[PDB]
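Take a look at this single chain in structure tokens; it is the form deposited in one PDB entry.
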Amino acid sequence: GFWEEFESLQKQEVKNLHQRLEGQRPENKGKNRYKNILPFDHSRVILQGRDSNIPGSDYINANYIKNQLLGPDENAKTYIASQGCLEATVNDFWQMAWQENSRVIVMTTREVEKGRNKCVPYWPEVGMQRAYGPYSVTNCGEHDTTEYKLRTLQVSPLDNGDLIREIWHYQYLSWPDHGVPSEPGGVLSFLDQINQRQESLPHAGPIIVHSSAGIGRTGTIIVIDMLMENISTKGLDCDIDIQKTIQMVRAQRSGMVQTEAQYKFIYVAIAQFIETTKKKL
């Protein structure tokens, strides 16, 4: 069933041609990790404060994602789904985080996996402070579990050093690219911490979620989080439609949820989440 359902989504996805003009511009070639994995123009994050006479200066490979199945009077978080930093786009990443008021970053990849580069680091070591373009970032501490690391960051504009934002950086360590975690417990614990942190803030901006390509593990974890928010707010009676949720998310960024195993993992994770919610209440 799982293979057939995911195959069906893949077949629809070839017919998913929203324009991706900005990402395809020659001037932006070095800002994309994979030349076929690009943000839709209609939902791309546009970097502010840049010189429009520098071609492509506003560009980053990332999109706003929200649950567009919800009615306008309903309320659930907005996400940004981003690729992982290249050396040339680390400063772009920090401009995005700053301008969007993001207070939580969710990294679902390791920097290097099996000798293959996935994401360049964009934080300093513990206790250290480093400038990234116009922003200063200080690593104010690291706290680890078996499956993920939390780094507590402080970020300030160089031109405005008394304005300081705390940003919480959550990195999941055991979700391989094009693959799935061995069990869903780790991700569910991960997401619980992430949501607790986000909601404990007044008016934080969108949570930034990224992987390497910004579609597989990023798409899968966003869909899981969306379904958890639905269950949390509407109860266990809620109608859950994973296929419909994935196609809705794919209207906002191409190829979200990359493999049939990741598709199955959404079911596995949500089913475990449901049994947890059933017990507690």
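From 1 onward, residues are counted along the sequence shown. So that the term is clear: the rigid core is the largest set of C-alpha atoms that superpose within 1.5 Å between two forms. Only residues modelled in both forms are compared.
As for the form solved in complex with a partner chain, it is not shown, yet the points below apply to it.
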Of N117, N75, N160, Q196, the one that lies within 4.5 Å of the partner chain in the deposited complex (heavy atoms): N117
Contact test, all of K15, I37 and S212, partner the partner chain in the deposited complex, heavy atom 4.5 Å: yes
Region of this chain that lies against the partner chain in the deposited complex, out of 66 to 74, 243 to 251, 220 to 228, 49 to 57 [heavy atom, 4.5 Å]: 243 to 251
Heavy atom of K31 within 4.5 Å of the partner chain in the deposited complex: no
Candidates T145, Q129, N117, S200 - which moves between the shown form and the other one, C-alpha at least 2 Å, core fixed: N117
C-alpha of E166 moved at least 2 Å between the shown form and the other one on rigid core: no
Exceeds or equals 2 Å, Cα of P157 between the shown form and the other one, core fit: no
Core-aligned C-alpha movement of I46 between the shown form and the other one reaching 2 Å: no
Note on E13-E260 C-alpha separation in the deposited complex, which departs from the shown form by 3 angstroms or more: farther
Distance trend in the deposited complex - C-alpha atoms of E113 and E260, change of 3 Å or more: farther
Large-shift segments between the shown form and the other one, meaning 3+ residue runs whose Cα move 2 Å or more when the rigid core is superposed: 1 to 17, 69 to 75, 113 to 118, 176 to 178
